[PDB]
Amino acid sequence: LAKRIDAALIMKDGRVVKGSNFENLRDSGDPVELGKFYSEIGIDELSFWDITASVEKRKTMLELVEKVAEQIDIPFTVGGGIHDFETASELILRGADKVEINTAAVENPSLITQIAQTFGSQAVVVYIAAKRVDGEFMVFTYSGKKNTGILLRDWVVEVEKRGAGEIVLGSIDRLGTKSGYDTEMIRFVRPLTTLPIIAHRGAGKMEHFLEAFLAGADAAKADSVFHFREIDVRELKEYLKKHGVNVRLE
């Protein structure tokens, strides 16, 4: 099974929030330059997540997408408060390959179908933030602030039915930790969907990526562990290939 390594970049006002430790870059906080560098060292796909204030947010995200599409030749997603079809459409047309949606999809699951009808399922990534509550995996919205009362098991099935292309499974039980991806959650979700599962939250060392792939993840996404250079991307790819994981190098 081919496996993918993804890097996520959190952005505000056109800048990478908290930057990165790559001293070789002209501007280690420029999301375009940082994303281009990642694409040259072994990242397979990029995610750009925007948290800009509402008044400049739409134009900021559109300008980001346009610049990234010109400079980078790997697929990328954009996300962060994409609430309706028109917003998703303008970002895809401006250059993004995929949009990543969460709270708006939970509140209006037909948004998944509406985007997929024009852009295909492959353009729709649903990010599912989940946490254990009273012994059950529950779906959370609004950056983890709201327990929806929807079971993870039910939402995964609905997301596929509505036409999503990929699911990013983010474990709130691992946010800020470096103890590993939530492999129990990945194993819980794996039999429920045919879609690619992207693990998110908890990665602290290269072996954690191996564990996530053994759990059934098709891709593993991380952020600060790469930006602060706790894990080197090329070392990670060499490690995974050494231990039998079908990852891409050259």
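Residue positions are given as counts along the sequence shown, with the first one as 1. Only the largest set of C-alpha atoms that superpose within 1.5 Å between the two forms is called the rigid core.
Between 49 to 57 and 212 to 220, greater CA displacement relative to the shown form is found for 49 to 57 when the structures in 6 other deposited structures of this protein are fitted on the core. Compared with other PDB entries of the same protein, residue 6 is present in all of those that resolve the residues around it, none of them, let alone a third, dropping it. Stretches 55 to 63 and 189 to 197 differ in mean CA B factor, with 55 to 63 having the higher one.
Per the PDB record, of the two stretches 21 to 29 and 227 to 235, 21 to 29 carries the greater mean B-factor over its C-alpha atoms. Among 184, 211, 40, 218, the highest C-alpha B-factor recorded in the PDB entry belongs to 40. Annotation for 158, 134, 100, 90: 134 ranks highest, by Cα B-factor. When the modelled residues of the chain are ordered by C-alpha B-factor, residue 109 sits in the lowest third.
Ranked within its chain, residue 170 lands in the lowest third, by CA B factor from the PDB record. In the deposited entry, the Cα temperature factor of residue 83 places it in the middle third of its chain's modelled residues. When all modelled residues of the chain are sorted by CA temperature factor, residue 94 is found within the middle third. When the modelled residues of the chain are ordered by C-alpha B-factor, residue 121 sits in the lowest third.
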